[PDB]
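Residue numbers (our numbering), protein chains in the order written: chain E, -11 to 210; chain R, 246 to 478; chain L, 246 to 478; chain D, 8 to 203; chain Z, 8 to 203; chain X, 108 to 311; chain P, 2 to 227; chain F, 930 to 1179.
Below is one structure; the comments refer to it alone.
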Amino acid sequence: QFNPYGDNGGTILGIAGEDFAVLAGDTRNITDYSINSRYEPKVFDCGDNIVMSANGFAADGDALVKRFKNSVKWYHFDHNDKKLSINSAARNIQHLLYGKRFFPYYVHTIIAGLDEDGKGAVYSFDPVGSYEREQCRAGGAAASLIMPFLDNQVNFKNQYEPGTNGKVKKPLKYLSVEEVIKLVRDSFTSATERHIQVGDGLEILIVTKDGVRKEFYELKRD
Amino acid sequence: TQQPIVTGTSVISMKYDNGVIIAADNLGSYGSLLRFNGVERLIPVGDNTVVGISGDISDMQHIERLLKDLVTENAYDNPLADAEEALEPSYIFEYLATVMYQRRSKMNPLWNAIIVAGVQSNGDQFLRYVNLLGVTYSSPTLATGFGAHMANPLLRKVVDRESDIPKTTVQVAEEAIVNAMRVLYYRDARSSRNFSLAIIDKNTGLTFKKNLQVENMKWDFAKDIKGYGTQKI
Amino acid sequence: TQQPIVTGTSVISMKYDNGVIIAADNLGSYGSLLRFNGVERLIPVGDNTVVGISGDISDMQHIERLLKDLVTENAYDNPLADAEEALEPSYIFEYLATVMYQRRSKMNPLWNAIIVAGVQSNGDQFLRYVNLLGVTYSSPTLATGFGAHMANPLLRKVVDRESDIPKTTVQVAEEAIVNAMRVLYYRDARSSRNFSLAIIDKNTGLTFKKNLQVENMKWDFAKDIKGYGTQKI
Amino acid sequence: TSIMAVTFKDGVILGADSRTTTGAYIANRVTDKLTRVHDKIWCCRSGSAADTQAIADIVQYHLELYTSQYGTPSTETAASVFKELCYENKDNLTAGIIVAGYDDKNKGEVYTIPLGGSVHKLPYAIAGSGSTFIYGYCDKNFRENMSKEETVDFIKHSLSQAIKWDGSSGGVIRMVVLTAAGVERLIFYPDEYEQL
Amino acid sequence: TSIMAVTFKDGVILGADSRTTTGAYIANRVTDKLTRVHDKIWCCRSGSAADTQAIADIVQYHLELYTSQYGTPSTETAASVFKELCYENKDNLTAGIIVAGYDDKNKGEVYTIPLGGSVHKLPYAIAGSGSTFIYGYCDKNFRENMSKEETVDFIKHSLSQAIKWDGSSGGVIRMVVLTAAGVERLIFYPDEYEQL
Amino acid sequence: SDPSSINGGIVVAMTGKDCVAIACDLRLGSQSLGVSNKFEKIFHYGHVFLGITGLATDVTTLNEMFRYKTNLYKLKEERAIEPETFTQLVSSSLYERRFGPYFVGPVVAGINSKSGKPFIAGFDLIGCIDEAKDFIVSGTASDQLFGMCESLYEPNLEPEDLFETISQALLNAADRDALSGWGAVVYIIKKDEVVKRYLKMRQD
Amino acid sequence: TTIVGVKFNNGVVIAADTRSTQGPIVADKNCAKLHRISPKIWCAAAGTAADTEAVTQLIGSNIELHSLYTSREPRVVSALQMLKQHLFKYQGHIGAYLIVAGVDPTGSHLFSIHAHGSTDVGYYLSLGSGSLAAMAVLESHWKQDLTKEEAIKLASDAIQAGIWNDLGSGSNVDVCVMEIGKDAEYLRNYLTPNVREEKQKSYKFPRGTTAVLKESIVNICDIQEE
Amino acid sequence: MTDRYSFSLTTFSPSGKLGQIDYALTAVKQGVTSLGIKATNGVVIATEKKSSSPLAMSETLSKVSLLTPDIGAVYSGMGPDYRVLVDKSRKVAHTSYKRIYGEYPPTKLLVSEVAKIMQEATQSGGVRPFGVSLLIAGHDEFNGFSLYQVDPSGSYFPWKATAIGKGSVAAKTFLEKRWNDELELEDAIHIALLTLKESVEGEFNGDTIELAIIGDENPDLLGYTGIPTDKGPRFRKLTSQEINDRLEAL
Ligand SMILES: *C[C@@](C)(O)[C@](*)(O)[C@H](Cc1ccccc1)NC(=O)[C@H](Cc1ccc(OC)cc1)NC(=O)[C@H](C)NC(=O)CN1CCOCC1
Ligand SMILES: *C[C@@](C)(O)[C@](*)(O)[C@H](Cc1ccccc1)NC(=O)[C@H](Cc1ccc(OC)cc1)NC(=O)[C@H](C)NC(=O)CN1CCOCC1
Ligand SMILES: *C[C@@](C)(O)[C@](*)(O)[C@H](Cc1ccccc1)NC(=O)[C@H](Cc1ccc(OC)cc1)NC(=O)[C@H](C)NC(=O)CN1CCOCC1
Ligand SMILES: [Mg+2]
Ligand SMILES: [Mg+2]
Ligand SMILES: [Mg+2]
Ligand SMILES: [Mg+2]
């Protein structure tokens, strides 16, 4: 029997700061126990200060991104070059995914950018289009390894103020872009150590009011 | 949904400093029967692109005709068809990738794995893969089937990353490709000795070599191997 | 539980006035492959019995050895082993029927259909069938496999009931058997031209004919048949 | 079934056995598996009898309409029409067809169309269940540019062996000879071909 | 696999390809499929590698114990011991074995034991997946009482063709010659046998 | 149906400087129903600690089995079993049920009383030993524990630091798993004192 | 797993990677897949981890007892015969795939054995998920009359192909060299090409970060005197 | 063709004696002298190679046997009974211990298992007791060096030094005078050689004496390098040459 789905591995990670957001993904692409590529980008500048990744089955991921990019293009044509806000992108992506509710896009989608007050925004989707805004999300193969670390280190979960018995939580702070990139780099090194489908390279897209910047780092190639 | 009947095995390929090389053997298998011994699975498109195809041969012949018709259609009302508006490797690839994914999305795939090798207008090397699922990827080396498991490890010792491509000559790359084809003949039960090889260079253009053979094979150590364990004679 | 691998097709047989005739072709098929062309499937036991066996050949060879050992064992401490205490067709049959049914009852059948043809001490004709299920029956004509569908109708035109047996000579019966074997060669895809035939007569004893061939075949009308319908040339 | 088509100096010859099976029963022992789709374009049929008939009838219709409009079709054209039907309906058909024809320009040609609906132009072709048993024989004994009498013998000996070993092949050996001279139907009975 | 054993004037010769498969992967390309169960009794192995080894090791043990007690076993005796194992364990084994041996009394003999565990004494035998492609060739080219050089050529040409057409056969052609003179091991590499 | 995730639970162990830590959650459920909030998964035989995750009937059975075997060991040898030896005994005992296995993920922790060397080991359900210098994880949130441990861990932590590190690894892994949590216990083990602490954690 | 065996002039060398996996997760980054059967008979293991450990320990135990009984140094063919008969009896259910090598009074030997009980002889061999990546290297670079140094190089290169190109294999390369006339040398972590880079940050928490409900001292000691 | 002897052949007599055990001990008295001496850093065990013919190659008959790499045995009494006990003792060390715990048994526990086997021959149906006494010398990590005697009854006792067989009364007395708790292994070997000369009639050299030690780890005898924690067998059989060297300073 023909199986229309495959699993191309990889992992992705979105974190929001006060006036920026990052979307990171490894650059490895796999099927079964083979490496297809050590550098196949997975995180894309979509226009209007929005970055997007759709991790899982890469063919579905590429189709989805391609359709959203096209959605942005037609949003400009039909609404007088108006900027597509991140909340509006999110809702549009829900309709793209839910359109294929009974033959789903086999991906976990994350978008990142700035909301309409200039604050960092991360939106996160399931394969059929349910979504939520968060400070914080990992998706893909190593999501189960990475998310709990992010719960601990971004939202300070289970951390209390020392000497308060256990009755005052560690207070929530926004993190600087330098502190976020550290958590991203450590998150991916940890995932590379323990997950066979994660490795090769890390590409981070950072979004500020000034635009989209890229950073790249080597990861272990085994 | 179908099942592949007459099939072609690996297509292997790599980038080198000035271009790309791609190769595939000349066999059309019918299950375990080595049915057809003169099948060309490298199909040139213009003088800048070679499409290497593995998997179902009937679907390969369909793709061959799609490409031939694409050249015909691009020439229509196009006085620059042999110049600035000639078909590029990237145009040919995106067309095939579009088709493959549409066909998988209707549960009626073209049962193939495809590598499009070539050189763009600006001299850039092009090397990208697409298969029956519409999955696409690019890398300094690419191979389908058994080639992914045995050729890639060998070809990656030569070009392990993007920075190794300018350091690699056409002589070194062709030798690695020719060696990889021998290893596949040793080890793949649905391979053949006879193969075709194509080089697309930014200076010298398209060179297409037919009727190559795997040569310089080590079999001599076989005479010393006796039994499966304790048998001495 | 198994499945038969190397197989023998029909065994056909009938009674006539003074005895019994039995025949079977010399083929051991391996699915659709006509693998072995000199297989004897009629096995004499003494000078009064022939056991004709169809189905799995490995199980046939096992039965062959059971019968050979039965003769050896009946001779033990038996000064009348070549006379009044010789093995009878009815003794050989009951032994085989016992075994077949025991084996089916343990879900490990001997994958065969068997006809035991012979003549008893008192001159009575013996002809009885047994198969992998332990089902047994007797009739003036008996046949296994395709033989049941094509040979029996022909052989029953000669001996349709018990009262027809004294009216039927060995010449008439042998001719009917030889004709039936030709019809099976025409129509059974797992049959052969070469066969063996055995007659057990109450007066002349056991005659065993090897290397018979189907002869006098009508193929000539084939040259006039063209296409499947409307095709004239 | 055992079928083959062999190109030679003066043209091409098609050969076939005459057995049609319904399981182990032989439904027809004098079947004609060589069928005319045009005056000098013929095909050998293997696989489903119904499927290959339906296909051959459609091809005969397409080529008769080709003839009316555009003149005599090439053997390649006839093979293309078989292929289109076999390829597009691959899920629903079990047809292995060899197409053979004679042009004055191209001389004798042979195209084989196996199960998937691929096309393969060859000097000679073999197909059907019985063909497995003669790959070795045919490869060793085929030469190009044989005489008519040599090619008749090559096919007679080849299908002889296919028939000997394959239970799904048998009966007579039919042949169709395609040259500039015209169309010659041959038949060979078991008593000639078995003793080879 | 492609295996055969051929009796000739001075004795018997066994031949085999050297390919072991794990699906489409070739686990061993220089396999030795001809195995000694007694000084002048050898067998060709096809089917499951584990099953045929286990069987051959047991047979070697049985015949060494036969030798100690009763002297040199006949080739028929060796075949009987293979058969007993193959027949009684038919549900659990996938073994197609050809047994070949040389006595001074009986000269060269060949017994084939296919899947079900039947035994068949033959002038020559072929087996394994690749044997299907040479039934026609071998039937046409085998004669009795061939010379050693003729028999070596017959096997070389036969397995050449089996290897050519069967993807599950390949590598070198190994042979074992069994005569009164002794035991001669031969090997033939692709560059010799392919161009035949 | 899948016996390794009917009841839920997790165990993690870590080495520090002249110390080891082993921790577990307290939940026992029947799929979605939480049944008990007190089901400890860590046992000790003298100074050797054993954590067991998986099917709870097998957790209990194996504890009783290793209590039996180590009691007899001690009577015959006239000394307490050491962690390296107990690790081999766990492996032997699991592998003898190779084709009808105990559905468990055992974890050994302790300090060799002669050499002073900290020791941890993990196993699969049929006895393959994973002897790690850094950490061992087991249970329904093992993916989550692997991620926490691989990022949070550093070598040569002092007992009171190691406690924070292992507790944060456990707590945050448990919170991303439906079948783990409901309480947690952390044993800090030095050569001749062992402190046991119950953690305050989210009760959902 | 990637495991290899390479024959050389005066002996045989075997090598292995050091990764074990549980699904797509790496359970252990530094396992020992080179198992000692006897002092000069070693094997590299692939397949079900517990099965390979149990099968080599059992056969090693019985080889030791056989060596004592016969007053002879154990032979590789005996290890092979015992392994094949054991594995065959279990009909593939004991999933051990082993490269079995060593030196004994008869010489130097190299075998492979599969889970169903089939064995092979060779000058170079590979098993496991990375066996194709390793065999590509072995088929390209192997020659007859190899030195000890050339064989270690070839074997570790073959493992590296597995480490880099096969997702089933990673971390380090282990080697064991068995030379005629000499002690076998086991080279644990012969290559270490995958050391984890320095982390960006320390995650050491402030003491008191974790909320505690109860403490107590655990009694580990025996029952006390007086 | 059946074993119908399912009843004891060793039974209590009216005086309370187990005759077959006493008679086994008498067979042990007739046997050649063997002895063991425990030092601070080792143990020595020794006996005479009483050869039956001078055409016999006495090298091929090993009276002193390795049981584990750190445990050795010697006997007095019936040699064939010893040989099968050595086979079983080697095996039980694997089956009842190494295959469970991954390490060789401590001396006292291996002794305990041999003792068990010998006790079973004293009570089970259709057998006689073993006609040997063993001296088992060994080392293990938590007990250090030890020396045990095992008798036909299955009883075992730990010794500082002892002797069994023919001239054991005299040899035990000789050892009571020479033994102290500060002996170094070489001094124990020297005492073993002195004690054994009293009990030997004929030739007294390295070809007629069999002597082994449990001492330091011998890494050169291991057969492989690369595992730090495997340091080698503590059991070593002294060669003919090594014994003769110590007989010149005697
Ligand atoms: C080798 C052989 C004899 O089979 C050869 O290929 C024949 C070619 C032939 C026969 C007559 C005219 C022209 C060409 N084929 C047959 O004899 C076929 C065999 C066959 C049956 C069914 C299928 O199905 C996929 C493939 C091959 N015989 C028939 O088609 C006969 C007339 N019909 C049936 O047996 C009924 N079938 C049974 C299976 O389900 C479909 C209906
Ligand atoms: C044609 C060929 C090459 O297959 C021929 O028959 C080989 C004979 C041979 C090979 C090596 C030594 C001696 C003789 N056979 C093989 O290469 C077999 C093919 C085969 C596998 C499995 C079965 O199972 C019924 C039949 C034939 N190869 C093997 O046995 C290999 C080593 N093992 C496996 O592929 C593992 N198998 C897979 C199927 O399930 C059982 C375990
Ligand atoms: C590359 C690899 C990882 O496959 C190589 O073969 C490892 C060899 C090895 C040898 C000795 C010690 C450690 C590692 N093998 C493994 O790491 C195996 C891989 C494996 C998993 C599952 C199956 O299932 C049939 C076969 C092989 N890993 C394990 O055995 C792990 C530790 N245990 C399990 O996955 C649980 N097992 C799986 C088999 O069924 C019983 C439960
Ligand atoms: Mg990785
Ligand atoms: Mg081949
Ligand atoms: Mg929870
Ligand atoms: Mg809840």
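Just so it is clear, CB atoms sit at the ideal spot from N, CA and C, and this is done for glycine as well.
Query	Result
Taking the alpha helix (DSSP H) that D/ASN35 falls in, what are its first and last residues?	Unbroken run through D/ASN35 is the beta strand (DSSP E), 32 to 35; no alpha helix (DSSP H).
Mind checking whether the beta-carbon of Z/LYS40 lies closer than 6 Å to any heavy atom of ligand 2?	yes
Taking the continuous beta strand (DSSP E) assigned at F/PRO1087, which residues delimit it?	1085 to 1087
Between D/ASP39 and chain L, is there a C-beta pair that is closer than 7 Å?	yes
Would you say the beta carbon of Z/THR29 is closer than 6 Å to some non-hydrogen atom of ligand 3?	no
Say the cut is 6 Å; is the CB of P/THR49 nearer than that to a heavy atom of ligand 1?	no
So, P/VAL7 versus P/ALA156, is the Cβ gap smaller than 7 Å?	yes
Please state whether the Cβ-Cβ distance between P/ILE42 and P/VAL77 is less than 7 Å.	yes
Closer than 7 Å, Cβ to Cβ, to anything on chain Z: give me those residues from the segment 126 to 156 of chain D, in chain order.	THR139, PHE140, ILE141, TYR142, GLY143, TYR144, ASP146 and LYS147
Run the proximity test for P/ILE100: is its beta-carbon closer than 6 Å to any non-hydrogen atom belonging to ligand 3?	no
In the DSSP assignment, what are the bridge partners of L/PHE453?	L/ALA443
Figure out for me which residue from P/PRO75, P/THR210, P/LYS85 and P/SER68 has the closest Cα to the Cα of P/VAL56.	P/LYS85
Please confirm whether any heavy atom of ligand 2 lies closer than 6 Å to the CB of L/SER299.	no
Would L/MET259 and L/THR414 qualify as a contact pair, given that the criterion is a beta-carbon distance under 7 Å?	no
What do you reckon, is the C-beta of X/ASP250 under 6 Å from a heavy atom of ligand 7?	no
Using the Cα positions of D/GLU191 and Z/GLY143, report the straight-line distance between them to the nearest angstrom.	27 Å
Within the present structure, is the beta-carbon of E/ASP50 separated from the nearest heavy atom of ligand 7 by less than 6 Å?	no
Cutting at 6 Å between CB atoms, please list the residues of its own chain near R/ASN293, excluding the five before and the five after it.	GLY363 and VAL364
For D/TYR118, I'd like the list of residues in its chain whose CB is within less than 6 Å of its CB, leaving aside the five on either flank, ordered along the chain.	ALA86, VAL106, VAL126 and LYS128
Within its chain, find whatever has a CB closer than 6 Å to the CB of P/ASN190; leave out the 5 residues flanking it on each side and keep chain order.	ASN173
Determine which residues share a DSSP beta bridge with F/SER994 and list them.	F/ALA1002
Express the C-alpha separation of F/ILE1142 and P/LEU188 in angstroms, rounding to a whole number.	31 Å
By DSSP, does L/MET352 sit in helix, in strand, or in coil?	coil
Compute every distance between the C-beta of P/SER21 and the non-hydrogen atoms of ligand 3, then say whether any falls below 6 Å.	yes
Taking the Cβ atom as the reference point for each residue, do E/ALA77 and E/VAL195 lie within a distance shorter than 7 Å?	no
When you compare the CB positions of R/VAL295 and R/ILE267, do they come within less than 7 Å of one another, or not?	yes
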